[PDB]
Amino acid sequence: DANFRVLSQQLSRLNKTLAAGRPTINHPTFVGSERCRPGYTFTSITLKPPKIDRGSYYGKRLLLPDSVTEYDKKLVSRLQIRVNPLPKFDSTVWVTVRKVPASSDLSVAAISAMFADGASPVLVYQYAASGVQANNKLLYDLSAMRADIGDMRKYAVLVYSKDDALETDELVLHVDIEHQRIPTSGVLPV
Amino acid sequence: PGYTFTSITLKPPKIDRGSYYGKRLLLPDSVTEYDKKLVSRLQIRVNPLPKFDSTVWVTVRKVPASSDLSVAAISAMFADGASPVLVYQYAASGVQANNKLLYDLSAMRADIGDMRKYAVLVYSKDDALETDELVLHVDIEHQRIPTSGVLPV
Amino acid sequence: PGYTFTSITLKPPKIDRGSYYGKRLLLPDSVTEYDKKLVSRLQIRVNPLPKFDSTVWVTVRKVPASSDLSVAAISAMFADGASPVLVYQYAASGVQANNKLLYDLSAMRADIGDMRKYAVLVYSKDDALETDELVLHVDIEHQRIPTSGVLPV
Amino acid sequence: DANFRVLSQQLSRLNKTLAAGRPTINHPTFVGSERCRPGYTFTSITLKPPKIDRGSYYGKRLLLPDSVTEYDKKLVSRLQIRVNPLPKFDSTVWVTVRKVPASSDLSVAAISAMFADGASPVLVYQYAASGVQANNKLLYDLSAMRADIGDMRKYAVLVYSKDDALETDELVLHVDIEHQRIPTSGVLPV
Amino acid sequence: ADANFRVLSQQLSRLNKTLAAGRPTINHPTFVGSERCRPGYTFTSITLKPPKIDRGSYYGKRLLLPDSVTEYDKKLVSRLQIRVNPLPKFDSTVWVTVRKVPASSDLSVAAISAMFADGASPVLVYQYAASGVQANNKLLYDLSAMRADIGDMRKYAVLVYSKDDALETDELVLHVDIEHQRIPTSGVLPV
Amino acid sequence: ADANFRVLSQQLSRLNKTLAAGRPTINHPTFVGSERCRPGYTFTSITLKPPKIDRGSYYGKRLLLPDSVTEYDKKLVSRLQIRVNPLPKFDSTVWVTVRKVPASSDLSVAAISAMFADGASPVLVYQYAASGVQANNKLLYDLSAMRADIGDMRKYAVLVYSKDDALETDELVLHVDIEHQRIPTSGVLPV
Amino acid sequence: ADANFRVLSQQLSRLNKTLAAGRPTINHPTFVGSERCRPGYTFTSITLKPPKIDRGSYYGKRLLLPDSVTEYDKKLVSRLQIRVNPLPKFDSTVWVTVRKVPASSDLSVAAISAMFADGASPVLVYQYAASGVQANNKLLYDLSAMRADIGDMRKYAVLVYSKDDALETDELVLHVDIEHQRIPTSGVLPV
Amino acid sequence: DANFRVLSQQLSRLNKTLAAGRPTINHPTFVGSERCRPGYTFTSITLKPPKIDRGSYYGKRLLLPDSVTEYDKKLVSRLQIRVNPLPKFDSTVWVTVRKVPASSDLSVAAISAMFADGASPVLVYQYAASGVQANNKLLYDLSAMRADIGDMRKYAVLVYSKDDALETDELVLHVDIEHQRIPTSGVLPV
Amino acid sequence: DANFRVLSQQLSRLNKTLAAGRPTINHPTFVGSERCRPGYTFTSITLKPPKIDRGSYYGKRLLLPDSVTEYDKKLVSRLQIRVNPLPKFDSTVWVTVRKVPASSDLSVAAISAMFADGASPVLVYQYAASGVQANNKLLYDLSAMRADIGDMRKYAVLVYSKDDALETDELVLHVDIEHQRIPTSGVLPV
């Protein structure tokens with residue numbers, strides 16, 4: 001009665017925390033996702049860079065599929081970076097989800113300056129001969145800002161191949177975005 | 001109730017004068033994974049972009065023999081006259097009675113997996129139905145999509 | 001209520017230009033054994049498969065004199081104009097007002113046995129009505145089929 | 001009061017059992033059917049073999065009329081074999097309703113092996129000059145398996161003429177199938 | 001004896017009928033006995049005589065009635081009965097059946113042998129034995145559930161099949177006994 | 001209904017089984033029906049094929065089992081069963097017996113005909129008749145009193161005797177159905 | 001202990017499973033142990049053998065079943081499992097995945113490497129190390145929320161990828177263990 | 001309460017009586033034995049006649065095995081005749097268990113006179129081509145006379161082959177005797 | 001009072017689980033045994049293979065010492081594999097405790113097929129220059145099957161040297177078996 005309740009919420013924090021990243025049998029290599037919030041669903045984006053040079057920076061503005069850009073009032077809870085590696089891979093990548101002011105600036109070599117301030121978390125990923133890296137999944141949160149789908153144009157993902165010019169089929173990227181449900185029909189279609 | 005109107009737009013390629021056409025009901029794969037879900041009534045719609053001057057004998061049912069091929073053997077299948085047929089020769093908004101028909105399955109409950117066995121069968125009669133003249137629509141009714149509660153892994 | 005819609009599909013054979021046709025109402029034998037059952041309203045429907053270009057003067061009533069033969073003596077029977085007639089010269093889904101008429105018998109209660117005495121009478125006017133052009137439908141209403149509780153012996 | 005009730009159910013078993021097969025005046029030669037269950041109705045199949053050879057085996061998969069194959073979700077309570085003899089008859093037949101795995105095997109001369117295991121009851125029928133055999137009606141039950149009309153494709157009837165090549169008009173066969181009511185209309189037909 | 005022995009008495013009375021279905025009782029030692037007519041209804045017989053059909057030939061026959069019966073074509077028909085009484089000189093075989101032919105919707109030529117096959121009605125066989133005369137030669141086809149009348153008795157048709165011989169007209173008689181209500185009584189002053 | 005109709009209900013239920021021991025019931029019209037397996041136990045079949053022994057020759061055969069069954073040789077055996085299923089071409093005669101041979105204490109050469117004589121076990125005959133196929137071809141030998149197990153099923157031996165013919169291998173199949181407990185269920189993570 | 005220690009007991013029992021997710025326990029010191037089958041369901045294995053595909057080649061394979069399982073295609077499937085058991089001579093690498101291919105809507109030619117990219121399913125890697133054998137080689141993909149049956153097991157497809165070598169057929173076996181309900185028990189008298 | 005008890009004993013008589021001889025599935029050809037009484041056990045005798053002539057009478061005095069003849073005070077409840085047929089058999093036999101006065105008379109052709117009086121039941125057995133005879137088991141009762149094992153010498157079995165001289169291996173006979181338990185040991189053996 | 005009791009049993013699970021394998025000071029290199037159950041004792045077997053070839057499979061049926069094989073009714077709780085390494089060791093071994101059907105099959109090269117099904121846990125052991133492997137002790141449980149000492153003949157241990165032909169003195173094996181107490185004497189010996 002409101003005394004074991006606060007103790008139960010303390011221990012449930014430790015169950016999440018002590019199982020942050022360990023090779024659990026439900027997903028033994030790559031770290032598992034967290035559950036979508038009741039309400040919201042997800043929506044993916046596969047972005048393909050052009051063949052940029054060896055060790056070159058890369059800028060990319062976030063667009064969306066056009067069925068999503070209709071309802072530009074619904075909120076965006078969190079967004080996600082998946083970096084799924086296909087087998088032939090020896091390179092390194094850094095991924096970042098910073099806020100570029102929209103069309104206030106370019107993306108030419110000031111991107112390497114944008115890695116320096118650290119206003120956002122930075123996802124590294126590197127090849128090891130010892131084994132594949134277990135943790136390749138960043139979650140950048142947005143629930144405090146109450147942003148919407150209409151503000152998703154403002155953000156920009158920043159990619160950096162370092163030790164190689166990235167071949168277009170050595171490592172795919174993804175930007176998964178969690179927003180509310182696209183509104184359901186039910187009217188008589190004409 | 002509990003339904004979000006799944007639209008599939010399937011345009012048929014080019015016909016000659018007095019020739020048939022068949023095409024099977026292939027759906028998006030977010031729907032096909034919901035194979036158990038009960039399927040209510042369905043309808044078709046014929047929306048022409050202008051440059052249109054033609055008329056059609058569109059009718060859809062299950063193709064027998066588990067989807068044997070659908071050219072010139074549906075000529076016997078248009079010879080029965082069991083289900084009604086939509087004939088569009090009006091070319092003005094309102095002169096046509098209706099763009100739509102009915103194929104209810106509430107007692108049948110032929111599911112999403114049974115939509116693999118259905119095939120739109122098309123007859124054309126005039127002008128051989130050149131490019132961009134009509135845009136066929138087929139709208140189905142089937143119990144509401146359960147969304148995943150897990151972000152991609 | 002209490003009724004399952006008994007459909008009988010009777011296509012008429014080939015006519016000449018300006019000739020009549022008659023055919024009696026024969027039903028499936030699972031229905032004819034239910035002779036006592038009360039019969040409500042009935043209707044006809046004209047569904048053409050395409051290749052169709054014709055028009056008809058379909059009208060059904062009881063043939064008198066206990067089914068005397070039904071060629072060229074129904075020309076006087078189309079000369080009265082008592083019951084309405086369906087004329088199909090539209091050839092598009094919705095341009096026609098209606099494919100259906102009405103012959104209610106709720107006060108008459110002319111039973112299943114009295115369906116032996118009815119005869120579809122057909123007039124054709126254009127194109128002599130060649131093969132597979134129209135598929136006639138006639139749908140009746142009559143108290144619900146009692147199924148047997150005994151497996152075959 | 002719940003004491004003669006159990007005695008009444010015991011004696012009613014004996015009324016069925018002691019009248020299993022006797023030439024009752026309601027049906028004096030062939031054994032009578034049992035009543036269809038409240039709910040279910042029946043549906044017949046007359047199967048006609050091709051002219052197979054003298055003493056040859058015979059396989060046949062169960063199909064249905066196409067009006068039945070629509071509602072392939074409704075249950076099948078029991079199925080029945082009638083072997084009605086027409087007058088000119090001197091031969092012998094064996095009928096069996098086994099479960100063949102669907103398209104996992106052929107039906108060529110392993111059918112005589114399928115008579116041997118005895119996983120299903122076997123209906124014999126033979127001519128006698130002493131008189132016509134009184135019992136020519138097998139009931140194979142299916143209420144425990146909760147099978148449907150969609151599983152009726154899986155079964156196969158196995159026929160064996162023994163002492164003769166079967167003429168097509170010396171003995172008819174039937175497969176009567178008891179399933180639920182094909183769903184009633186009541187909508188305004190168009 | 002208060003609604004608890006009553007249900008036990010109705011169970012045992014079923015067994016008295018059932019265990020005495022066919023046995024050579026002393027009240028009728030060779031042919032199986034009839035059942036009692038229902039209170040109300042009476043009976044009415046028909047002797048039908050086929051023409052000399054060929055050896056092993058099928059035979060169709062529509063049910064007519066005597067004309068005094070065909071007047072009151074509204075009264076119900078409870079059950080009908082087939083008696084096959086054998087006269088002494090007999091060695092042949094017969095099959096009798098009481099099926100529903102759709103009235104004038106079809107003929108009776110050699111599709112009768114197809115009508116034996118479906119089994120929608122019970123089939124009465126009868127055959128000679130040198131071991132003795134067959135004890136059971138009496139079919140009762142019931143009609144109380146359909147609520148048919150005398151006016152529907154035209155629709156039925158009896159189907160006869162001599163098998164091992166061409167039937168001589170005086171080797172075996174047939175009968176169709178029909179149980180319907182009482183033909184209405186007079187009592188008016190006749191003129 | 002308080003411990004006085006209970007004993008009367010158990011008496012009448014004996015008569016329902018007994019008076020329906022063998023009669024051509026519509027659920028199985030020719031061969032006698034099986035009895036229900038006990039809650040718990042399941043069954044397991046054996047088809048045995050003799051070599052072509054001579055005309056009227058005896059035959060011995062020890063009971064083996066499939067090797068998946070011989071693992072759990074501690075579980076009990078409730079009853080065992082003989083099915084003799086006839087295929088159509090058949091005119092011969094067979095006798096089947098389920099006696100206890102002492103295991104490897106003796107041979108099976110022509111003392112088998114002496115083993116038919118003592119009658120310590122029931123003997124299933126089966127013979128062809130032109131009058132018709134024999135309705136009863138199913139022996140049940142009980143074992144619930146001895147509390148034997150699957151490990152003792154090696155000790156028994158089935159004894160077959162073709163009499164009027166040398167048995168062709170495809171005129172009549174035999175079976176030995178054995179009712180024992182459930183082979184133990186898995187549920188562990190397989191590796 | 002009244003609905004207040006009950007919720008605390010369920011919290012700590014989560015930590016006993018979680019803190020013992022993978023550690024070399026003495027009950028199974030090298031390969032991670034299975035979880036217990038649910039009360040009800042049993043298991044059924046499949047050993048799949050690829051043809052000799054090339055070095056670093058993709059591989060597609062549709063899930064079939066043994067034919068005794070494909071009979072009862074109405075019973076549910078709780079979970080399915082991937083075991084990758086290594087035999088000793090092994091230096092290669094494999095990736096195993098249990099994705100949903102739409103049934104006969106597409107081929108399996110080199111779009112399989114695209115199917116690794118979306119990440120709608122967990123991906124089991126396995127690689128040789130000279131430091132030692134990898135302790136975790138057992139994926140469990142769950143299906144209890146979808147209420148799928150045995151009849152839907154045809155729709156799934158396992159995706160294998162040898163990477164650093166052309167896979168010899170006897171360097172590493174694969175398995176697909178499937179947990180579904182009990183195949184229905186007999187108990188009827190066998191004929 | 002002592003009113004359904006007498007009704008239960010009436011119906012249990014009918015269960016035995018209506019199942020006197022019918023081919024039950026527990027023993028389908030030869031009629032089954034009855035249960036030994038609590039107490040008593042059984043003891044068998046196989047008797048082998050010499051090759052007597054065609055249609056000849058046969059006398060045989062009842063002896064016992066010598067382990068049984070020790071305790072000649074214990075009672076004899078009932079005795080039994082089994083006539084087990086081996087396959088090659090076409091003959092006929094009559095078996096009878098009469099009381100011959102011990103050494104007061106011979107057994108030469110007055111045995112056929114001993115069949116005539118009918119003071120004991122007579123078991124016939126005959127071959128039929130229609131099938132093997134189902135009933136081949138006589139039980140002669142002795143519980144009223146209170147005889148013992150010492151009086152079993154007085155009885156004599158009477159066999160009559162009729163249609164053939166009996167070959168010694170066409171049909172075996174048996175005399176099964178139900179008496180009390182031969183007394184159990186338990187002393188320290190020396 | 002029956003509420004801290006269930007919490008105490010939850011935490012005691014975590015004390016075992018979080019101390020599954022760690023280098024505790026009571027046994028710093030090889031993982032410790034678990035306590036024998038009250039009742040049962042243990043019994044060892046050292047098995048010595050012949051010099052099989054390089055990378056060759058190996059089969060071996062479980063026998064026992066003859067003093068144990070007397071009381072073949074007593075139960076077997078669990079059995080154990082110890083793989084004790086002596087110093088000169090660079091090879092690799094796999095050990096498995098599968099159920100071979102007794103004399104139903106050989107052990108020639110189908111043993112490598114028996115590794116594939118995974119019906120039993122598989123103990124690997126490999127040399128590392130980084131250090132000796134800490135976990136070399138499999139426990140296969142048998143308490144659910146209620147097997148006895150008489151069924152220990154049915155099992156077979158499967159050994160596989162992989163990278164070398166095993167010298168007979170580079171690595172010993174053991175099979176420790178936990179069964180009940182061999183029955184105690186106390187009678188006056190003669």
# chains A, B, ... in the order shown; residues from 1 in each chain; ligands from 1

$ select_by_dssp --residues "chain G" --states "strand (DSSP E or B)" --output "ChimeraX atom specification"
/G:42-44,58-62,76-83,86,93-97,100,124-127,138-142,149,156-162,172,175-180

$ interface_residues --of "chain G" --to "chain I" --cutoff "10 Å" --atoms "only C-alpha atoms" --output "ChimeraX atom specification"
/G:1-34,45-47,83-90,130-133,135,170,172-177

$ residues_around --residues "residue 102 of chain C" --least-positions-apart "2" --cutoff "12 Å" --atoms "only C-alpha atoms" --output "VMD selection string"
chain C and resid 40 to 45 59 to 61 83 to 86 98 to 100 104 to 106 138 to 141

$ write_last_selection --atoms "N, CA and C atoms" --output "compact mmCIF listing (two decimals), in the first residue's frame"
# COMPACT_ATOMS: atom_id res chain seq x y z
N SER C 40 -44.32 -15.52 -51.62
CA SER C 40 -44.41 -14.07 -51.67
C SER C 40 -43.96 -13.55 -53.02
N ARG C 41 -43.62 -12.27 -53.08
CA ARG C 41 -43.31 -11.54 -54.30
C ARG C 41 -42.15 -12.15 -55.07
N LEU C 42 -42.06 -11.80 -56.35
CA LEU C 42 -41.00 -12.32 -57.20
C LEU C 42 -40.56 -11.23 -58.16
N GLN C 43 -39.40 -11.43 -58.78
CA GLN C 43 -38.88 -10.43 -59.69
C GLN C 43 -38.04 -11.10 -60.76
N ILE C 44 -37.75 -10.33 -61.80
CA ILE C 44 -36.85 -10.77 -62.84
C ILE C 44 -35.65 -9.83 -62.86
N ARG C 45 -34.57 -10.29 -63.48
CA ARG C 45 -33.37 -9.50 -63.68
C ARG C 45 -32.78 -9.86 -65.04
N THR C 59 -41.98 -10.21 -69.99
CA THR C 59 -43.13 -10.15 -69.08
C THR C 59 -43.60 -11.57 -68.78
N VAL C 60 -43.85 -11.87 -67.51
CA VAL C 60 -44.25 -13.21 -67.08
C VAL C 60 -45.60 -13.12 -66.36
N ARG C 61 -46.48 -14.09 -66.64
CA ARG C 61 -47.73 -14.27 -65.91
C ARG C 61 -48.11 -15.74 -66.03
N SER C 83 -49.81 -5.99 -66.74
CA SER C 83 -48.64 -5.93 -65.88
C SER C 83 -47.53 -5.15 -66.58
N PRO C 84 -46.64 -4.50 -65.83
CA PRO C 84 -45.56 -3.73 -66.48
C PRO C 84 -44.55 -4.64 -67.16
N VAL C 85 -43.72 -4.02 -67.99
CA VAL C 85 -42.78 -4.71 -68.85
C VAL C 85 -41.39 -4.10 -68.65
N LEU C 86 -40.37 -4.95 -68.66
CA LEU C 86 -38.99 -4.50 -68.56
C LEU C 86 -38.38 -4.37 -69.95
N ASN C 98 -33.97 0.51 -63.48
CA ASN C 98 -34.03 -0.71 -62.68
C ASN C 98 -34.09 -1.94 -63.57
N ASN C 99 -33.43 -3.01 -63.12
CA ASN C 99 -33.45 -4.30 -63.79
C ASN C 99 -34.58 -5.20 -63.29
N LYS C 100 -35.51 -4.67 -62.51
CA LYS C 100 -36.36 -5.55 -61.72
C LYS C 100 -37.77 -4.98 -61.60
N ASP C 104 -46.16 -9.43 -56.66
CA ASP C 104 -46.51 -9.89 -55.31
C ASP C 104 -47.76 -10.77 -55.30
N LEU C 105 -47.73 -11.78 -54.42
CA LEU C 105 -48.80 -12.76 -54.30
C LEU C 105 -49.16 -13.01 -52.84
N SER C 106 -48.89 -12.06 -51.95
CA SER C 106 -49.08 -12.29 -50.52
C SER C 106 -50.55 -12.45 -50.15
N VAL C 138 -34.60 -14.98 -62.77
CA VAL C 138 -35.90 -14.83 -62.12
C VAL C 138 -35.74 -15.32 -60.69
N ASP C 139 -36.10 -14.47 -59.73
CA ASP C 139 -35.93 -14.76 -58.32
C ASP C 139 -37.29 -14.72 -57.65
N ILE C 140 -37.60 -15.74 -56.84
CA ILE C 140 -38.92 -15.94 -56.26
C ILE C 140 -38.77 -15.74 -54.76
N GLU C 141 -39.88 -15.64 -54.03
CA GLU C 141 -39.85 -15.66 -52.57
C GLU C 141 -40.91 -16.62 -52.05

$ residues_around --residues "segment 99-111 of chain D" --least-positions-apart "4" --cutoff "9 Å" --atoms "only C-alpha atoms" --output "PyMOL selection string"
(chain D and resi 56-61+115+120+153-158) or (chain G and resi 67-68+70-71)

$ interface_residues --of "chain B" --to "chain G" --cutoff "9 Å" --atoms "only C-alpha atoms" --output "ChimeraX atom specification"
/B:26,29,32-33,36,151-153

$ interface_residues --of "chain D" --to "chain C" --cutoff "7 Å" --atoms "only C-alpha atoms" --output "ChimeraX atom specification"
/D:32-36,41-42,184-186

$ write_last_selection --atoms "N, CA and C atoms" --output "PDB file, in the first residue's frame"
ATOM      1  N   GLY D  32     -31.376 -49.152 -41.146  1.00  0.00           N
ATOM      2  CA  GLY D  32     -31.852 -47.787 -41.224  1.00  0.00           C
ATOM      3  C   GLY D  32     -30.780 -46.789 -40.838  1.00  0.00           C
ATOM      4  N   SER D  33     -30.953 -45.562 -41.309  1.00  0.00           N
ATOM      5  CA  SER D  33     -30.023 -44.513 -40.948  1.00  0.00           C
ATOM      6  C   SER D  33     -30.292 -44.013 -39.539  1.00  0.00           C
ATOM      7  N   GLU D  34     -29.343 -43.246 -39.026  1.00  0.00           N
ATOM      8  CA  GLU D  34     -29.546 -42.513 -37.793  1.00  0.00           C
ATOM      9  C   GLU D  34     -29.900 -41.071 -38.113  1.00  0.00           C
ATOM     10  N   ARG D  35     -30.519 -40.408 -37.143  1.00  0.00           N
ATOM     11  CA  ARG D  35     -31.026 -39.062 -37.353  1.00  0.00           C
ATOM     12  C   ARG D  35     -29.877 -38.069 -37.438  1.00  0.00           C
ATOM     13  N   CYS D  36     -30.008 -37.103 -38.347  1.00  0.00           N
ATOM     14  CA  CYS D  36     -29.044 -36.017 -38.434  1.00  0.00           C
ATOM     15  C   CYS D  36     -29.101 -35.177 -37.169  1.00  0.00           C
ATOM     16  N   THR D  41     -26.881 -30.662 -41.893  1.00  0.00           N
ATOM     17  CA  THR D  41     -27.631 -31.332 -42.953  1.00  0.00           C
ATOM     18  C   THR D  41     -26.684 -32.271 -43.686  1.00  0.00           C
ATOM     19  N   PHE D  42     -27.122 -32.838 -44.807  1.00  0.00           N
ATOM     20  CA  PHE D  42     -26.301 -33.806 -45.519  1.00  0.00           C
ATOM     21  C   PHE D  42     -26.050 -33.337 -46.946  1.00  0.00           C
ATOM     22  N   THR D 184     -27.742 -19.319 -45.084  1.00  0.00           N
ATOM     23  CA  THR D 184     -29.005 -18.904 -45.673  1.00  0.00           C
ATOM     24  C   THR D 184     -28.896 -17.476 -46.182  1.00  0.00           C
ATOM     25  N   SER D 185     -29.560 -17.196 -47.299  1.00  0.00           N
ATOM     26  CA  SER D 185     -29.663 -15.835 -47.798  1.00  0.00           C
ATOM     27  C   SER D 185     -30.797 -15.104 -47.091  1.00  0.00           C
ATOM     28  N   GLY D 186     -31.175 -13.956 -47.635  1.00  0.00           N
ATOM     29  CA  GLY D 186     -32.236 -13.163 -47.049  1.00  0.00           C
ATOM     30  C   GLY D 186     -32.039 -11.711 -47.413  1.00  0.00           C
TER      31      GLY D 186
END

$ select_by_dssp --residues "segment 4-182 of chain D" --states "alpha helix (DSSP H)" --output "list in words"
residues 4, 5, 6, 7, 8, 9, 10, 11, 12, 13, 14, 15, 16, 17, 111, 112, 113 and 114 of chain D

$ atom_distance --atom1 "atom CA of residue 104 of chain F" --atom2 "atom CA of residue 48 of chain F"
19.8 Å

$ atom_distance --atom1 "atom CA of residue 37 of chain G" --atom2 "atom CA of residue 63 of chain G"
21.3 Å

$ atom_distance --atom1 "atom CA of residue 168 of chain F" --atom2 "atom CA of residue 154 of chain F"
26.8 Å

$ interface_residues --of "chain F" --to "chain G" --cutoff "7 Å" --atoms "only C-alpha atoms" --output "list in words"
residues 34, 35, 36, 37, 42, 43, 83, 186, 187, 188, 189 and 191 of chain F

$ write_last_selection --atoms "C-alpha atoms" --output "short mmCIF file (atom, residue, chain, number, x, y, z; two decimals), in the first residue's frame"
data_model
loop_
_atom_site.label_atom_id
_atom_site.label_comp_id
_atom_site.auth_asym_id
_atom_site.auth_seq_id
_atom_site.Cartn_x
_atom_site.Cartn_y
_atom_site.Cartn_z
CA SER F 34 -12.99 -51.92 -30.94
CA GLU F 35 -13.27 -50.87 -27.34
CA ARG F 36 -12.06 -47.49 -26.13
CA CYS F 37 -8.48 -47.09 -24.97
CA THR F 42 -2.17 -45.32 -26.17
CA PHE F 43 -1.61 -48.04 -28.78
CA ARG F 83 -6.58 -57.98 -35.60
CA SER F 186 9.50 -33.97 -24.52
CA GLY F 187 9.47 -30.25 -23.81
CA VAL F 188 13.14 -29.57 -23.23
CA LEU F 189 15.11 -27.27 -25.50
CA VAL F 191 20.15 -29.68 -29.07
#
